[PDB]
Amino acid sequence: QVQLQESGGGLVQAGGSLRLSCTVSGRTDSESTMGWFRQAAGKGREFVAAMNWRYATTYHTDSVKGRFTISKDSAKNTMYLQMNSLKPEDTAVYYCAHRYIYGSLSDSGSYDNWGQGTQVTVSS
């Protein structure tokens, strides 16, 4: 079991930038998979990006592939989401998730553990 916690959200203006952080503690292995998700009010939870925890190999959806970059800290037990060129449609509670299954990095499923999420609000 992994314990997760998001931070870095806030009220930004469209065009700005934000880096979310997700701290990871607990048992993690070679197949451990870290994902970012988001959920706007009244909408389905959207898969955003994912990364193999050990090797930092990534997958980003086509919807964010240019502006959002998932990544891993070079020393800390912390994963990031760099978010550039923010738009009002990025407004949502952003969550991070962990999974002991490798599956495919493109697979949105089988994520067991979740943080409480951090609110991102973009406005014009």
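A residue's number is simply how far along the shown sequence it sits, counting from 1.
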Stretch with the greater mean C-alpha B-factor as recorded in the entry, comparing 59-67 against 91-99: 59-67
Higher-scoring stretch by recorded Cα B factor average, 9-17 or 103-111: 9-17
Residue 79 by Cα B-factor - lowest, middle or highest third of the modelled chain: middle
CA B-factor ranking of residue 46, expressed as a third of its chain: lowest
